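Tertiary structure, described
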Amino acid sequence: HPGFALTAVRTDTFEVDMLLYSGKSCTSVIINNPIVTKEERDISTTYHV
Amino acid sequence: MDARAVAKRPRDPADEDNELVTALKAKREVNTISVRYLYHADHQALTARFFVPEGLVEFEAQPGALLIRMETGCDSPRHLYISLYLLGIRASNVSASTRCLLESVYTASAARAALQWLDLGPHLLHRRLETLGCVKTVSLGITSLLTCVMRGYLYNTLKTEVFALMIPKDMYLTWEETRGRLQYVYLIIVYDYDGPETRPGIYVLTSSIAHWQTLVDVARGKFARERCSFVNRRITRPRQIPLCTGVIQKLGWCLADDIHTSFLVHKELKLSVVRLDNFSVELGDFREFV
Amino acid sequence: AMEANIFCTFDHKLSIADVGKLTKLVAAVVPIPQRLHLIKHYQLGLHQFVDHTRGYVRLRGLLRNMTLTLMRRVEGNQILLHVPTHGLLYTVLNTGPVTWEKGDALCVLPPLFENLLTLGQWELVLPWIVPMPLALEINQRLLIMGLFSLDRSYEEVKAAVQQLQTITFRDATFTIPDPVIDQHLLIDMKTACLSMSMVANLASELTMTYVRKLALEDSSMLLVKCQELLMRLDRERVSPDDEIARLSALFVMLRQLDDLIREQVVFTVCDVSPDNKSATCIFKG
Amino acid sequence: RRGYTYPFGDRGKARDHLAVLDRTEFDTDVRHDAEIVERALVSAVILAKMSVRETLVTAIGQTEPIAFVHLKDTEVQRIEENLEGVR
Amino acid sequence: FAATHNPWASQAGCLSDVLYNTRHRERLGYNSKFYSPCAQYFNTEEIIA
Amino acid sequence: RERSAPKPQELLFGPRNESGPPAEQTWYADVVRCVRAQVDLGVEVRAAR
Amino acid sequence: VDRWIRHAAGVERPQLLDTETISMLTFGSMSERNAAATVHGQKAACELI
């Protein structure tokens, strides 16, 4: 035994299934019609909604 | 191959139904998506998306910054993207006041590390920097996205507004009295071969001179001291092999009335800029002169 | 609405596997020697230019003369090719050995290396798509190892040539072909090297005479120290018509050398796929 | 200097032997010079052998002997006669 | 209610403080990618924030 | 002045590195002119290398 | 002493493209190699104070 001890610290990551409660009309969500924008590239054309 | 067929005027989107409209109308089907007008579907500018860490995003939330990609001798982050401002702290031209200002702003691991990677390598700057376009977006985060264009104007998604190009004043350079109806904007880097650390000077030029030969002759006439020092270091400190007293890169065309002097604010710090309110990008790689 | 494409015809009948193989390169850069609407498959690629006496230098000159054209679509009996107009962005395939990063300024190089579409008499040899810094590096390395041809007998020359031959560029290591074959140097390489040697040699002689006169005039004070420099190197060790002929010859040799001196940027990259074989880029000069 | 300029097969091996050769300078003590001169010479001979592709012994516990490289035998014979005279 | 149960860890500059505070670790040359359980307890600048 | 070149982490993190001397030096000089016997002694003068 | 301690602790010398790689490392990198097989999961890195 050397002249000094030591305290070790450790972390373990657990996997968990949560449950969430919410009250009726706790929030109101505001949305519009989805909107599409075009990125033009020759071989493949992409559209962002 | 007929009289009626050849006489036809070309087909244009505002009157011809968009492709998704064609498909849905032909099936007689509906989507929840509102898809009649496609945004970005009439843009002439060619854009790209870049990711950068938060430390380098200073002074970049303002559209109109000029963006640079620089080489690093490492492997996994090997290319970082830096702004012309961060390039200014190293510029041995810019005055002490502006230098201390943007040194006070650019205080993070990422930007400072960009500075050591610039100061470390034996290569000259122009053999380490590749130029990108001018930026117009900001999407914040620990790693942020920037949208950059290098061919054309610089404007909002609806083209509701045009974003200027912003130059820091101590880099702004002029060589002519009577302003031309059209002027090009060039980037110039020049090297001081005096002292142990060859001090690089950074310029953004504006001139009506389109031709390469007369432009380079005027530049060499105005940069006499650096050429003298190039020949001097050739003579006095041999078997070190300098090349280039400077390089010139072309990106832009603006009308003289569009350019104005302006201020720039960030974190209530006050930086002075020269602005080109309407501006278009056309990038060409460097050319070297001695 | 529509675009002006170029049609290409293959004469040798194509097995279904081979026309499938055609699709696998449906976005690569296929050079063409001329602008015309319907061309025969012999014209595609660089095989017609492959003369085994002439190497990399002549082929890069020709590639500067060539017209680059993206393969666009594949159908039976005829292939669609697309000539890229300036400024527009296009999708290209990475055929060369090296990977790409955003913002890379690309060039074209002659083939330096399974052969594509080995028809009975023909082979499809695409150019190398390379970033410009490696273009400078490889051109210089090949050029220098061209210089050492006359004294390859001594061991240290062989070791230096080996050191110049191996090239690394962003995690890619590959060996370029030696421009010396059977101790004989290909005529194009020999002419280029001789021209560079003569340019330097004749500059040495002419510059002293023509500087010492100009030094009298120079208010920009650099020509006097230029004369000082040329005298410094001088310390390290004639008819007028012949003199004007010598100047003319100096510029002739300089003109013959221009292919090694400057090359154009043809593509520059905007984004690259995780499928790294392909990337989008805009078309330069 | 010559080794740093010379085009070796791989930079690592020649660089290491040249580095142990580079920082070998003396120390104002008589006894230690006898060790360090030999210690420099062995590395120098390693480097010279690698330069001209003659072999070097990689056996553990064996050091490549201190000797010339590719001199003609008359020169080294007169060297050894001079060394006897120095004895 | 003792002053400290581990003098080598609680003091403002002791062994564990310089070893595990992210700031003192930045004064040294660490590698940021490695998680350290102590950093949660010791980064006193963030704790004060 | 007796400072070794900074280790990389010192330059990446923390308060700035600095340069020792200012670009301008402060000097005093004695000026003697012989053509008219005259000496200038109380001179404050600036010097730069 | 360094070699003796490294062989006692069992760790290899730092080999790297020293300067630029070390600046990158101080910026952050994944240096620790994987184990060949891990029937038990992620390494519970213990820290000692």
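Residues numbered from 1 in each chain as written, not as in the entry; some residues may be left out. Chains lettered and ligands numbered in written order. Part of a larger assembly, values for the part shown. Heavy atoms only, no water.

**Side note on a nonpolar patch on the surface**
Together, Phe-4 of chain A together with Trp-8, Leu-15, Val-18 and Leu-19 of chain E line one region of the surface with nonpolar side chains, adding up to about 530 Å² of accessible area. Looking at the nonpolar patch element by element, the count peaks at 3 residues for helix 2 (residues 15-20) of chain E. Relative to the helices and strands, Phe-4 of chain A is located in the segment before strand 1 (8-9). (Patch = residues over 30% accessible without salt bridge, like charges linked within 9 Å, V, L, I, M, F, W, Y side chains within 5 Å. Areas by Shrake-Rupley, 256 points an atom, 1.4 Å probe, with all protein chains shown as cover. Salt bridge = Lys/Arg side-chain N within 4 Å of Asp/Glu carboxyl O. Helix = DSSP H or I, 4+ residues; strand = E, 2+ residues; numbered from the N terminus.)

**Digging into the interface of chain C and chain B**
In this complex, chain C contributes 21 residues to the contact, which on the side of chain B involves 20 residues. Surface buried jointly by chain C and chain B totals about 1,900 Å² across both partners, of which 58% is contributed by carbon and sulfur atoms. Where chain C meets chain B, there are 1 salt bridge. When the shortest N-O distance is used, the salt bridge between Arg-69 of chain B and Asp-104 of chain C registers 3.3 Å. Remark: the boundary between chain C and chain B carries 6 residue pairs in polar contact. (Contact = heavy atoms within 4.5 Å. Buried area = accessible area lost by both parts, 1.4 Å probe. Polar contact = N/O pair within 3.5 Å; in protein donor to acceptor, adjacent residues only side chain to side chain.)

**Comments concerning the interface of chain G and chain A**
Contact residues are listed per partner, giving 7 residues for chain G and 8 residues for chain A. Together chain G and chain A conceal approximately 560 Å² of surface at their shared face, both sides included; 61% is due to carbon and sulfur atoms. Together, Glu-47, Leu-48 and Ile-49 of chain G form the three largest contributors to the area buried by chain G at its contact with chain A, with a combined 59%. Here chain G and chain A share 0 salt bridges between them. Taken together, the links from chain G to chain A amount to 2 residue pairs in polar contact. Here the side of chain G that touches chain A is built from residues that sort into 5 nonpolar, 1 polar and 1 charged. The pairing of strand 1 of chain A with strand 1 (residues 47-48) of chain G spans 2 bridges and is classified as antiparallel. Within strand 1 of chain G, the residue paired with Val-9 of chain A across the bridge is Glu-47 of chain G. (Nonpolar A, V, L, I, M, F, W, Y, C, P; charged D, E, K, R; others polar. Pairing = 2+ DSSP bridges.)

**Here's the deal with the packing of aromatic side chains**
One pass over the full model with this rule turns up 14 aromatic pairs over all chains. With centroids separated by 5.2 Å and ring planes inclined at 90 degrees, the aromatic side chains of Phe-267 of chain C and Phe-283 of chain C adopt a geometry described as edge-to-face. Taken together, the residues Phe-267 of chain C in strand 13 (residues 267-272) and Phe-283 of chain C in strand 14 (residues 278-283) connect sequence positions 16 residues apart. In this structure, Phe-267 of chain C and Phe-283 of chain C share a single accessibility class: buried. Grouped by ring-pair contacts, the aromatic residues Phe-59, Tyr-85 and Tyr-106 of chain B constitute a single cluster. It is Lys-102 of chain C that lies over the ring of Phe-50 of chain B; its NZ or CZ is 5.1 Å from the centre. Positioned over the ring face of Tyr-30 of chain E is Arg-25 of chain E, at 5.5 Å from the centre of the ring. (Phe/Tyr/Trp six-rings, centres within 6.5 Å; stacked < 30°, edge-to-face > 60°. Buried < 20%, exposed > 50% of the residue type's maximum accessible area, 1.4 Å probe, protein only. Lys NZ or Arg CZ within 6 Å of the ring centre and 35° of its normal.)

**A word on the sheet that holds strand 4 (residues 67-75) of chain C**
Residue and element names in this part refer to chain C. Reading across from one edge, 2-4-5-1-3 is the order of the 5 strands in this open sheet, with mixed pairing throughout. At either end of the open sheet lies a strand with only one pairing partner, and these are strand 2 (29-32) and strand 3 (38-40). Across the sheet, the mean angle from the axis of one strand to that of its neighbour is 40 degrees, orientation sign disregarded. Bridge count between strand 1 (residues 6-9) and strand 5 (residues 78-82): 3 bridges; the pairing is antiparallel. Note that in strand 5 the partner of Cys-8 across the bridge is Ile-79. (Axes fitted to C-alpha atoms, helices over the stretch in contact; angles between N-to-C directions.)

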